[PDB]
Every structure is written in C-alpha cells, then in structure tokens.
C-alpha cells in the first residue's frame, strides 16, 4: 500500500532559447515537486528513479525516422534548432530536449514497472516535456514522444501484449497522438475530455469529436468527450465521469490505469480557460483509484499556471496516498455540456452495455 513518485530536475534543461516566457516552462515541474515537499506528500512516497528510455522502447510507438530526427537535435546550433522546431506544429527545441524527452518516458516506464511488480500500488510522474500530442512519426504541441502511449506499450511488454490499459486524458487538449496510436487497438481504451469548440481549439481537428469511436477491432475503444461553448468546471467534469468515464472504464475492466494528467483545465490556466478546482482533480483521481485494483499512474501532461498545477497535482497525489477526498460538483451543468455528454452517450451505447 505504497505510492511511488518520480521527479528529476534534469528534465528542467529543455528550454525555449528564443522566448523564455513560453508557457511550457522548466519550473512547471520544480514548482509541482516543491509543493509536494511543502505539503509533506513527498516524504510519504517511495521515490522511483528516473532513467532514460532506450531507442528500442521509443520504437514501441514511434518511427525510426522520427526518433533519429529528434535525436539529431542534440548537437544542433541554434539556427538549425529553430529550423527543425518550425517543421512541427507548436514545438521549440534546445540541445537538451531529446534527453529530457527520454527521461520523461523512462521515468514513467520505471513507475509502471514499480506498480506491475508490486513494489508500489500507484504512482505519480512529475515529468516534462509532455507527450500526448506526439504522433508515431511527428512531434506536436510541445510534445516529442508520446510518453503515456509508450508506457502503455511498455507495460504490455513486461506482462502480455493484450494487457488491458485504460488511458484517461484529462488535459484540456485532445491527445491526438494517443488516439491515433491506439485507434485500431482494443487492448488500450483511450478516454479523453477536452475543449473542442467545433475545431477552433488546439489541435483544431475533427478527430477530437465524439463520433470518432475507434477503428476495426478498436471500434468502441476510443471515447472523446468534447466541450463546446466556453468555460467548464467541476460540475461538468464530475458529470462526465459519472455518466461516461466510470461506467465505461468499469465495463472495460482495465488491468492498469494511466492518466494523461494535464492540469490546464484548471482554474487560472491561461490556455484552457476552464475552472476545474484542485478538489475537483482530487475527486477525479479518487474515482479512478476504484479501477484496476488501484493500479493508477498519474503522468503530467500540460497545465501552465504554476500555482494551479502545483496545487492540483499535489491533491491527486494526496488521493493516491489514501487521504480522504476534500469536500466538493456545486452546480447544474452548462447546457452545452449536457449536449456533449448526451452526444457521447449516443455514440457509445452501441459498444457499452453500461450506457444503455
């Protein structure tokens, strides 16, 4: 009955040399780590070491070409770092980026290993750069390699290929990369909640809509919960978990839960424009703990308000550690959120008896 925590300050080295105020800041992870220490959560966790992912582990989800191109950035001069970064949608690269991306992934592999060998029950990974926009063949949206997707494959690689992995992506952005990597796969259930605005919200693709339910044997194993019509918060997230995320997850019966835990749906986030509270994140976490005999790994994705992300992720770790959830879903839903939830219910009732 132990919670693992992984954090390595070396992941701060990845930086934007042209815009030191770019929101994907080095201090995102050091601020979260500090708050864990302040709240005396850190001393209650078992510290899991970071490590580098290997290139063979990266190839679980990524092309050899993509891996080698990002690796080639290690010795580039600034002009070529700028040129390479510009080939992608919303990427900056420094000489340390590749190393940091390897540490973020390797850290999560060690955490998944710790859970699956029984060394810990659950774990939190305070890592950057993030992962869920990264595609098999390309970088995107501050992400180089798809850490959560890789971790799902890594977990299968030390157990069995068909190990049932649930990935819950509550970053305010759609994890386009994660959806695509698993779109034809019934062994990995992908559930994302995300601001959509009929395609106006990053990453601006209809792939994020509720009617994208998976392909082939993966049909039904991709669940998009898209928000339209501005600010959402605890009531809408709690309702989506109540009507969709938890009934589907229970029916799937995952053997491991990975959370693509961005905290940019948080109150105060400059990119997300939503108002999920730290208490709200605590309740989301506590619900997921009822799955997979408690085998939950929380992986940092986005989240850009340093105070908001520090408080929110610390609350998640407090839940993992077995603390009582804080008092909380204070309001009727925005009408467009009701419409969203009902659209997803209609889209997935053919696949999940729990929705009928």
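So that the term is clear: the rigid core is the largest set of C-alpha atoms that superpose within 1.5 Å between two forms. Residue numbers count along the first chain shown, from 1.
Between 224-232 and 132-140, larger RMS Cα displacement in 8 other deposited structures of this protein after core fit: Checking 132-140 against 224-232 in 8 other deposited structures of this protein, I find the farther stretch is 224-232.
Missing-residue flag, residue 329, threshold a third of other entries: Across the compared entries, residue 329 is left out in at least a third.
Residue 59 to residue 60: deposited residues without atomic coordinates: Unmodelled stretch: none, continuous chain.
Mean C-alpha temperature factor, higher of 127-135 and 247-255: On average, C-alpha B-factors are higher across 247-255.
Between the two ranges 62-70 and 284-292, the one averaging a larger CA B factor in the entry: Looking at the record's C-alpha B-factors, the answer is 62-70.
Candidate residues 122, 209, 110, 95, the one whose C-alpha B factor the record puts highest: Of the candidates given, the C-alpha B-factor peaks at 95.
Candidate residues 188, 140, 84, 240, the one whose C-alpha B factor the record puts highest: In the PDB entry, the greatest C-alpha B-factor among 188, 140, 84, 240 is found at 84.
CA B-factor ranking of residue 302, expressed as a third of its chain: Answer is lowest: the recorded C-alpha B-factor places it there.
Chain third (lowest, middle, highest) by recorded CA B-factor, residue given as residue 340: Lowest third, going by the recorded CA B-factors of the chain.
Lowest, middle or highest third - CA B-factor, residue 5: CA B-factor rank for residue 5: middle third.
Cα B factor band for residue 200 (lowest, middle or highest third within the chain): Middle third.
Among modelled residues of the same chain, the CA temperature factor third for residue 279: Middle third by C-alpha B-factor.
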